[PDB]
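Residue numbers (the entry's author numbering), protein chains in the order written: chain B, 1023 to 1118; chain G, 78 to 423; chain E, 1413 to 1468; chain V, 1243 to 1355. Ideal placement from N, C-alpha and C gives every residue a C-beta, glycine not left out.
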Amino acid sequence: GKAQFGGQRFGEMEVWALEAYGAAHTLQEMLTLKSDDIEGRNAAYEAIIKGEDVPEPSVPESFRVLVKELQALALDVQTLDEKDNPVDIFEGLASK
Amino acid sequence: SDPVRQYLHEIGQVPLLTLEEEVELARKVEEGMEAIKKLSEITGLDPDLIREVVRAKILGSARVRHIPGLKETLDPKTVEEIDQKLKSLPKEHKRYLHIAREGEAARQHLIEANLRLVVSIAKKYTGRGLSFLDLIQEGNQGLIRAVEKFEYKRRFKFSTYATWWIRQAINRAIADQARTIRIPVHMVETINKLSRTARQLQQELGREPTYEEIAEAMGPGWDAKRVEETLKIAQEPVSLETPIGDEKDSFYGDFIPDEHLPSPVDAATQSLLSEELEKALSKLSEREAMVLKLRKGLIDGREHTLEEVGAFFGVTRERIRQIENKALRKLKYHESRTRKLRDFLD
Amino acid sequence: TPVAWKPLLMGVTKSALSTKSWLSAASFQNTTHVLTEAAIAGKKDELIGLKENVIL
Amino acid sequence: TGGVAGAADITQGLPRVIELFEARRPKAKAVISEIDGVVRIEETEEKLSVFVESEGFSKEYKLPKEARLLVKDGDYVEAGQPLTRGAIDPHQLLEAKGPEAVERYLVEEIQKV
DNA sequence: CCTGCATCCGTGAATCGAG
DNA sequence: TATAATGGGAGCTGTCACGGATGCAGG
Ligand SMILES: [Mg+2]
Ligand SMILES: [Mg+2]
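This is the structure:
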């Protein structure tokens, strides 16, 4: 909304539009740097005001929310590599 | 299907006690408590430990757990060692074991019998923040307290003494569990006293009272300021899932920004400040800049006294304070000329 | 011995729910039924399609 | 349109599109033949039946008396060939003529709308 | 005892705005 | 801590059409 100085909603239909086009990095932008990725957007803004190109987008925060909300449902959700070895997207903050 | 109706059916199975039956049960309970006392006098063991052992054998093996109040861990091995230790006593002594068992059994039957009372009482306390069943179970706790604290010698009907403990447990529960932000019971009584006060005044004045008017009717120690403070405390939180609009597509928490996490502007400014400060500290030597980096805590994150910096660089503390004066003064001249750090003054 | 199979036609809805990627399946419809049968079987999502990678 | 009466709009055809995409069986269903054969007819006032008789086997199809017929008496029809006027069961067509005929039927019938 | 039909319960039901 | 008190209370009724599981009588 304008009142809250908010951004425009990029619905799943607008996602379809980008997908149908095949614009992957524009869609990845909306899904990360331009919205939900925290480290990525801070480094992005910093890059633009420094004249440097935008950084590689990190994993979205909203997916981390999904992971922990699924853990609250007592369902284990693990991100893996091709070796089927667990990958920590929380970077050690969720493990003891 | 319906939890309330189901519990009401489970309650209707147990018949209500006759005066004789009720006195009998209370008698066996009290004599049972004395039996546990006497068994403690003989055995030389903890009355609580003995009580839990007797309670275990009466209830059966269906329930086996560790009791917080007891010192030893309570397990079937332990309760068998103790039960056999208790049954190693002579006729006139071992009698008390049978008395204790009979007492606990009478206690179970007594609590089971007067559950109808709790229901017909807790039904009046509904709508105060706790569900019907929550109230009933809390009244059941008070019922248990009433049974163990009852004395049948007074010829009082059990319902009379039970009701007090039941209401007490329910009221304590409502005072404790209701508010999302838990407030001490005495403070809740204060707030509710303020409610009855303000309602009395609003009923007599034909309008809602001022802070000062309530402050008057409250008595000494109460001014308008304290009344307003009390009201501010009693304020309950509101749900983030509160509906916005007549559709279901909007929530209340959607309009609330996050004040904690740094905006990209904040992080960028902080990085620019650190870079510009390092650009400023490079206009000094490495030594006189290190004195400052150790002094204000840029490096390591600790502010040091003059004695520690002097113990590191190898000079006197006055030399360090001299170097820090020269460095700060140089940074002042650098600032006066360059006009770079000025915008970061915020 | 080879497996004897018969061609099976199913609607777009049941087909989209029977997809091998549970991230796409759950993010579509009947999230409960999908998540349970996926958690039980210990299913893995190879991120083949677009939906899964969009979520990620 | 302005609200004037006319031909079937998208409102009429869309349920047919969804009916085909969801592989659903029509409320008013067209009856087809499982195997090949020749047609023999039997008609009565309160009963109507159409026999499809092959050299190896014979199949009876009992139909409502008001039903429409797409086949002449004594003709030679394929497996899964329309007899009753109406929408074809995609699964009856699948167990009969196979995947290719189903795919062709779905694509064509959807296109029609 | 096993097939078939009636019937039950649970699940869906466009997008973006503002509010 | 004590007269005695002993089975609740409000339902929301004008969507619909699907898949699938339960259960029923019927051949
Ligand atoms: Mg006063
Ligand atoms: Mg149906």
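Along the length of the stretch 135-205 of chain G, whole alpha helix (DSSP H) runs at least 4 residues long occupy 153-163, 168-190 and 192-199, reported in chain order. Under the 8 Å Cβ criterion, the stretch 1272-1285 of chain V counts as touching the stretch 1326-1344 of chain V, having at least three qualifying pairs. Within the stretch 1055-1067 of chain B, the residues whose Cβ lies closer than 8 Å to any Cβ of chain G are, in chain order, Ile1060, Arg1063, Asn1064, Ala1066 and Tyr1067. With fewer than 16 other CB atoms across the displayed protein chains lying within 10 angstroms of its CB, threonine 95 of chain G is exposed. DSSP places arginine 416 of chain G outside any beta strand (DSSP E), giving it a letter other than H or E. A straight-line Cα-Cα distance of about 21 Å links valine 1446 of chain E and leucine 1420 of chain E. Per DSSP, the continuous beta strand (DSSP E) segment holding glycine 1279 of chain V begins and ends at 1279-1285.
In the three-state DSSP reduction, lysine 1304 of chain V falls in the strand class (E or B).
According to the DSSP secondary-structure assignment, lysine 309 of chain G is paired through a beta bridge with no residue.
For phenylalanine 235 of chain G, the enclosing alpha helix (DSSP H) starts and ends at 235-254.
For ligand 1, the residues with a Cβ under 7 Å from any of its heavy atoms are, in chain order, G:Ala292, G:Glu293, G:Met295, G:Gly296, G:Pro297, G:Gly298, G:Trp299 and G:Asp300. Counting along the chain, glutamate 215 of chain G sits inside the alpha helix (DSSP H) bounded by residues 209-225. Between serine 1291 of chain V and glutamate 1302 of chain V a beta carbon distance of about 6 Å is seen, short of the 8 Å cut, so the two are scored as contacting. Each of G:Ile113, G:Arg128 and G:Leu151 was checked against the Cα of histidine 170 of chain G, and the nearest Cα belongs to G:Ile113. In this chain, the beta strand (DSSP E) harbouring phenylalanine 1293 of chain V covers 1290-1295.
Assignment of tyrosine 329 of chain G by DSSP, reduced to helix, strand and coil, places it in the coil class.
Of all residues in the stretch 1437-1452 of chain E, only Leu1447 and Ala1451 come within less than 8 Å of chain B when Cβ atoms are compared, listed by chain position. Burial of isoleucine 243 of chain G is indicated by the presence of at least 16 other C-beta atoms within 10 angstroms of its C-beta. DSSP lists V:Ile1330 as the beta-bridge partner residues of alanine 1272 of chain V. Between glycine 1328 of chain V and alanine 1272 of chain V the beta-carbon gap is near 4 Å, inside 8 Å, which marks them as a contact. The residue among G:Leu375, G:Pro297, G:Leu102 and G:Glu87 with its C-alpha nearest the C-alpha of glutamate 228 of chain G is G:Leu102. The beta carbon of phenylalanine 1085 of chain B sits closer than 8 Å to some beta carbon of chain E.
The beta carbons of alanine 246 of chain G and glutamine 218 of chain G sit closer together than 8 Å. If one requires a minimum length of 4 residues, the alpha helix (DSSP H) runs lying completely within the stretch 1031-1081 of chain B are 1034-1043, 1046-1053 and 1060-1071, in chain order.
Counted as a single uninterrupted DSSP element, the alpha helix (DSSP H) harbouring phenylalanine 389 of chain G occupies residues 383-390. Listed along the chain, the chain B residues whose CB falls inside 7 Å of the CB of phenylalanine 332 of chain G are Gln1026. In the three-state reduction of the DSSP assignment, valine 1415 of chain E falls in the coil class.
At the C-beta level, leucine 1262 of chain V and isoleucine 1352 of chain V come within 8 Å of one another. Chain order gives no chain B residues near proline 320 of chain G, where near means a beta carbon separation below 7 Å; the closest approach is about 17 Å.
At least one beta carbon of chain E lies nearer than 8 Å to the beta carbon of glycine 1340 of chain V.
Contact annotation, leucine 418 of chain G with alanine 357 of chain G: C-beta distance approximately 6 Å; criterion of less than 8 Å satisfied.
According to DSSP, residue pairing for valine 1109 of chain B in a beta bridge involves B:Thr1101.
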